[PDB]
Amino acid sequence: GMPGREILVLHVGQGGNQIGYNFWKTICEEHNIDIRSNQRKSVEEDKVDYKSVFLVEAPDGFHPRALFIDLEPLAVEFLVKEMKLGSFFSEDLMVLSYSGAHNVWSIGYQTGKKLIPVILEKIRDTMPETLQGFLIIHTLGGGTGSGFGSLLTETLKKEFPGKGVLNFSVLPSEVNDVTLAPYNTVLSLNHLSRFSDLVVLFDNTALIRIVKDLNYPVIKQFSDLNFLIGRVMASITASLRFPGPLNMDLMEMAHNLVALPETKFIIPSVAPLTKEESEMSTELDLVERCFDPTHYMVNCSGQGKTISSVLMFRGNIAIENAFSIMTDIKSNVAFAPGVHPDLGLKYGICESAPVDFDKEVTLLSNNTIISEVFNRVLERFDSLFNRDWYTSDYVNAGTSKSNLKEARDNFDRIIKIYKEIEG
Ligand SMILES: Nc1nc2c(ncn2[C@@H]2O[C@H](COP(=O)(O)OP(=O)(O)O)[C@@H](O)[C@H]2O)c(=O)[nH]1
């Protein structure tokens, strides 16, 4: 392996760790590595491969440069026992507790604070000095992924200010989720806005909606939603893992999207999503679908105004078709007022292809429509907070109702900043 551009992935909470199954299986397969054996799949290899960004090449084989962190052992049992991948998800990478968070952001933040010294100790003793930053994968509706996840985002940014903190954060289902989810989401999004460098948001609602609206993208609960999430957040890391015009590090990835410091929440969009749709689709259809608010990984009523946008062509793409397609797509994309006609969209081609598809198009967008998504989160927060509903356990866990209001008001400040850019 060649030193540099090493990323440490931190899976926090049950959802974040369960997503790691297909996140690491996709990364392993796309780099010709078998997750069961920790070895390569074939002697066939590209001359240049940036597998060292997410994978450690030990003499025995390849291991994930990752920590699997949870206040309960249920998710790691899914990985080691149900998935039988204990050789890859090994115990030296596991920071585990057994108290739990009980779906309360505050309990995850407080209980996880007792695990921070051992986490920082493992990072210094095991990570390389050329480590470029951290990638935090977690959900926002619970307590461990939200509270401990907010703590790790904050702690890593403070202890490693020169490194990048990237967050792949999963939003709760708007219509079917725990009652404490709006409190946990607002608390987590407030912490992430302060300490994260880039927050790419995923919504279980959006993924469910695509199946419900038939090629079948989920056939079993969670085990296919998380399967699909892990493949998407692995697809949007291809810029960090493969050479090409859009080859980036974590800092570059945030700079291409974060115009103002408060505008750090990104909507990802990937096409194709199923093998049937891939066989019967073209490059133009995948791009037009990525700009379609239906295929947004966040649930959006319509498209908004684009501030900054990064699109990637993966696989067998004709570069002249890519040039001609993006000229026509840019004319029909609504950009935020003040964005230069040729400065709001970046496209690139990656030769490496996803395992299941010959082609793939990914879109990362800093879009003003996230204010609409955040306003729905805000109105669900206010429907409960203004009646003092479900607030008793945040109080007992060290988060006052005043602190809940502070995170809400700052969360609303982010919405209004996005809305001003929209005009
Ligand atoms: N999309 C998706 N959401 C999940 C998954 N696991 C948990 N969640 C979501 O996370 C929210 C509650 O957080 P959870 O991770 O279960 O509890 P935690 O252990 O305190 O982080 C709920 O809205 C769930 O929908 C998962 O595998 N996929």
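Note that ligands are numbered from 1 as they come in the structure, with each ligand's atoms numbered from 1 the same way. Numbers here are sequence positions counted from 1.
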>> Between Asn366 and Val258 (side chain of the first, backbone of the second, donor and acceptor by atom type, cut-off under 3.5 Å), is there such a pair?
In response: no

> Side chain or backbone of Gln18 under 4.0 Å from ligand 1, or both, or neither, by non-hydrogen atoms?
Replying inline: side chain

Who's the nearest protein heavy-atom neighbour of [atom], and how far?
atom                    : value
atom 6 (N) of ligand 1  : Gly15 CA, 3.2 Å
atom 5 (C) of ligand 1  : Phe222 CZ, 3.3 Å
atom 19 (O) of ligand 1 : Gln14 N, 3.2 Å
atom 17 (O) of ligand 1 : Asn103 OD1, 3.5 Å
atom 12 (C) of ligand 1 : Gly142 N, 3.4 Å

So, is [X] polar-close to ligand 1, with some N/O to N/O distance under 3.5 Å?
X      : value
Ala101 : no
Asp70  : no
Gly141 : no
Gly145 : yes

>> Quick test of your reading of the structure: of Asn204, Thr185, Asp224, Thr139, whose heavy atom lies closest to atom 15 (O) of ligand 1?
In response: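 Nearest option to atom 15 (O) of ligand 1, by heavy atoms: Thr139.
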
> For atom 25 (O) of ligand 1, which of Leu228, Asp177, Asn226, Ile229 has the closest heavy atom?
Replying inline: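 The option holding the nearest heavy atom is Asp177.
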
>> If you take the centroid of each ring, where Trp contributes its six-membered ring, are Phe134 and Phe160 closer together than 6.0 Å?
In response: yes

> Taking the six-membered ring for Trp, are the ring centroids of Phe148 and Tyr109 within less than 6.0 Å of each other?
Replying inline: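 Ring-ring flag for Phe148/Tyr109: false, centres at least 6.0 Å apart.
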
Over 12 foreign heavy atoms within 6.0 Å of [atom1], [X]:
X      : atom1 : value
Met251 : CE    : no
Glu82  : CD    : no
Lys113 : NZ    : yes
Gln39  : CD    : yes
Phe227 : CZ    : no

> Right, does atom 3 (N) of ligand 1 have protein non-hydrogen atoms nearer than 4.0 Å?
Replying inline: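 Given the 4.0 Å cut-off, atom 3 (N) of ligand 1 counts as touching protein heavy atoms.
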
>> So if I count the atoms of ligand 1 from 1 in the order they appear, which ones are less than 4.0 Å from some heavy atom of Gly143?
In response: 18 (P), 20 (O)

> Does ligand 1 have any atom sitting under 4.0 Å from a heavy atom of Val178?
Replying inline: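 The answer is no, since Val178 has no heavy atom less than 4.0 Å from ligand 1.
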
> According to the interplanar angle, ranging from 0 to 90°, do the rings of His11 and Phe68 count as parallel (below 30°), tilted (30 to 60°) or perpendicular (above 60°)?
Replying inline: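 Parallel.
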
